[PDB]
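Visitor: Chains as they are written, first to last, in the entry's author numbering: chain f, 1 to 27; chain F, 314 to 365; chain G, 1 to 135; chain 3, 1 to 135.
Ideal placement from N, C-alpha and C gives every residue a C-beta, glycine not left out.
Sharing a structure, written as structure tokens. Questions coming.
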Amino acid sequence: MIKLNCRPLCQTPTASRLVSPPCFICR
Amino acid sequence: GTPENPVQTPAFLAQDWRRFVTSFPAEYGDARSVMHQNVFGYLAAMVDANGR
Amino acid sequence: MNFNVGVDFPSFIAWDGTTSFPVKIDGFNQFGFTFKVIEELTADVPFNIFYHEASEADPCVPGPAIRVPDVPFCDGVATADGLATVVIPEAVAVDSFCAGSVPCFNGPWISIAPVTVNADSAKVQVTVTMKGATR
Amino acid sequence: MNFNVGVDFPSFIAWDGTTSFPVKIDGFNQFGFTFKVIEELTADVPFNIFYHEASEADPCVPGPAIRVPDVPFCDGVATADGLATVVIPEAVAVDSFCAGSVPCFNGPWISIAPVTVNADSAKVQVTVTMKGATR
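Structure, rendered in structure tokens:
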């Protein structure tokens, strides 16, 4: 069995959200 | 709580330490305080109403 | 600037999704395969690799297909039945291509075809590229 | 020993005798055509060369075809219509191939199809070979 070599022709950057701490609220 | 249903609770605020330390009579001379480390840590971690 | 690459590195079709064409590797001293999928697959599609020997009646007509034997590398597994195969994984996407080649030559013609002619086998295209003409 | 030529010089199908497939060439900086015939011809077959560009709706899907323009050389004469064309002679032999290329790139996709679809244009096969990678 032969091992293949793979490579993509197109690209699409990963788009992940960034979350920030919520406003202070007394416990 | 609220005035309609008050909920009394023991407390220890920042100004109590200030009052206690400053109320020492002046004639007796310089004083020194003794306290547990956790008490100082609790004192130093106070925050006002805005969180600062 | 552009070059006539086809002068030095010609390529020939090997599988169309409905038929397979023997490719003459005799005059070229190196070669390799190339795979591409034109649609989403349903499962892996295994391909059988064959080679042909020169026919008796004519020096330029291929004979019946002969299955290529396996060749274990310096160390590692060997094919279950001692033959050579290639399997296209299901995770492959449409906008990508795969490359692979056999380690040895054997006969002067080579060919490749699917194990079974299913609906998925029509979605794959195989092309052969040759390098370094010797004659 | 033979190498994995499919890694450095991948090739793709352009015209298999019934359909024409756009080929994405922007990732490679050189390319060329290879023409082979699988039996005897009856007359000359002319081919048109097209190019595409990214569709408005999707940046990875080609738009409608546009036809490549001609460019003349130093000591040469421009074609009458001003458009690129390739014609395969009738005297072509089955056991040989011809390779030609275009001088310019234009859009990031290229394509080729016969001027007329008939019982003679289905006897030819065209494959595109790239060279060099930049991604």
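Could you list which residues in chain 3 have their beta carbon closer than 7 Å to that of residue 10 (chain f), in chain order?
Guide: Here the neighbours are 60.
Visitor: If we count the other Cβ atoms within 10 Å of its Cβ and call it buried at 16 or more, is residue 22 (chain G) buried or exposed?
Guide: Buried is the call here.
Visitor: Could you tell me which of 32 (chain 3), 121 (chain 3), 115 (chain 3) sits nearest to residue 136 (chain 3), measuring between CA atoms?
Guide: Here chain 3 covers residues 1 to 135 and nothing more, so residue 136 (chain 3) does not appear.
Visitor: Is there contact between the region 99-113 of chain 3 and the region 86-106 of chain G, where contact requires at least three CB pairs shorter than 8 Å?
Guide: Judged by Cβ distances under 8 Å, the region 99-113 of chain 3 makes no contact with the region 86-106 of chain G, as fewer than three pairs qualify.
Visitor: So, is residue 83 (chain 3) buried or exposed, given that buried needs 16 or more other C-beta atoms within 10 angstroms?
Guide: Label assigned to residue 83 (chain 3): exposed.
Visitor: For a cutoff of 8 Å on Cβ pairs, would you count residue 84 (chain G) as touching chain f?
Guide: At least one chain f Cβ lies under 8 Å of residue 84 (chain G).
Visitor: Can the beta-carbon of residue 131 (chain 3) be found less than 8 Å from the beta-carbon of residue 5 (chain G)?
Guide: Yes. Within cutoff.
Visitor: Helix, strand or coil: how does DSSP classify residue 50 (chain 3) here?
Guide: Reduced to three states, the DSSP call for residue 50 (chain 3) is strand.
Visitor: Here's the rule: buried if 16 or more other CB atoms are within 10 angstroms of the residue's CB, otherwise exposed. What is residue 34 (chain 3)?
Guide: Result: buried.
Visitor: Does chain 3 have any CB closer than 8 Å to the CB of residue 12 (chain G)?
Guide: It does; some Cβ of chain 3 falls within 8 Å.
Visitor: Taking only the alpha-carbon atoms, compute the straight-line gap between residue 199 (chain 3) and residue 15 (chain 3) and give it to the nearest angstrom.
Guide: Within the shown structure, residues of chain 3 are numbered from 1 to 135, placing residue 199 (chain 3) beyond reach of any answer.
Visitor: Using only CA atoms, which one of 43 (chain 3), 62 (chain 3), 63 (chain 3) lies nearest to residue 116 (chain 3)?
Guide: Residue 116 (chain 3) has its Cα closest to that of 43 (chain 3), out of 43 (chain 3), 62 (chain 3), 63 (chain 3).
Visitor: Given a cut-off of 8 Å on the beta-carbon distance, is the pair residue 124 (chain 3) and residue 45 (chain 3) in contact?
Guide: Yes, the Cβ-Cβ distance between residue 124 (chain 3) and residue 45 (chain 3) is below 8 Å.
Visitor: Residues bridged to residue 96 (chain G) by DSSP?
Guide: Its beta-bridge partners are 8 (chain f).
Visitor: How would you call residue 18 (chain f), buried or exposed, if buried means at least 16 neighbouring beta carbons within 10 angstroms?
Guide: Label assigned to residue 18 (chain f): exposed.
Visitor: Taking the straight line between their C-alpha atoms, what separation do you get for residue 23 (chain f) and residue 362 (chain F)?
Guide: Rounded to whole angstroms, residue 23 (chain f) to residue 362 (chain F) spans 13 Å at the Cα level.
Visitor: My assumption, with CB atoms under 8 Å, is that residue 390 (chain F) sits in contact with residue 359 (chain F). Please give the rounded CB distance.
Guide: Because chain F here runs from 314 to 365, residue 390 (chain F) falls outside it and cannot be looked at.
Visitor: What do you get for residue 190 (chain G), buried or exposed, if any count of 16 or more other CB atoms within 10 angstroms of its CB means buried?
Guide: Nothing can be reported for residue 190 (chain G), as the shown portion of chain G is limited to 1 through 135.
Visitor: Taking the CB atoms as reference points, tell me whether residue 109 (chain G) and residue 13 (chain G) lie closer together than 8 Å.
Guide: Taking 8 Å as the Cβ cut-off, residue 109 (chain G) and residue 13 (chain G) do not qualify as a contacting pair.
Visitor: Would you tell me roughly how many angstroms separate the C-alpha atoms of residue 73 (chain G) and residue 85 (chain G), rounded to the nearest one?
Guide: Distance between the alpha carbons of residue 73 (chain G) and residue 85 (chain G): 15 Å.
Visitor: Could you work out which residues of chain f lie near residue 27 (chain 3), taking near to mean beta carbons separated by less than 7 Å?
Guide: Simply 9.
Visitor: Are residue 27 (chain 3) and residue 129 (chain 3) close, meaning C-beta to C-beta below 8 Å?
Guide: No.
Visitor: Just confirm the distance between the C-beta atoms of residue 20 (chain G) and residue 93 (chain G), as a whole number of angstroms; I'd bet it's less than 8 Å.
Guide: 25 Å between Cβ atoms; not a contact.
Visitor: Quick one: grab the DSSP three-state call for residue 106 (chain 3).
Guide: Coil.
Visitor: Could you give the first and the last residue of the continuous alpha helix (DSSP H) run that contains residue 351 (chain F)?
Guide: Start and end: 350-357.
Visitor: Could one say the Cβ of residue 154 (chain G) lies closer than 8 Å to chain f's Cβ atoms, at least one of them?
Guide: Since the first residue shown for chain G is 1 and the last is 135, residue 154 (chain G) is missing from the structure and cannot be characterised.
Visitor: What does DSSP give as the partner residues of residue 326 (chain F) in its beta bridges?
Guide: In the DSSP output, where bridge partners are listed per residue, residue 326 (chain F) has none listed.
Visitor: Is there a Cβ from chain f that is less than 8 Å from the Cβ of residue 364 (chain F)?
Guide: Yes, residue 364 (chain F) counts as interfacial toward chain f.
Visitor: Would you kindly report the start and end of the unbroken beta strand (DSSP E) that includes residue 77 (chain G)?
Guide: That residue, residue 77 (chain G), is in no beta strand (DSSP E); it is neither H nor E in DSSP.
Visitor: By the criterion of Cβ-Cβ separation under 7 Å, what are the contact partners of residue 103 (chain 3) in chain G?
Guide: Going along chain G in sequence order, the residues near residue 103 (chain 3) (Cβ under 7 Å) are 2.
Visitor: Flag residue 36 (chain 3) as yes if its beta-carbon sits less than 8 Å from any beta-carbon of chain G, otherwise no.
Guide: Judged by the 8 Å Cβ criterion, residue 36 (chain 3) is in contact with chain G.
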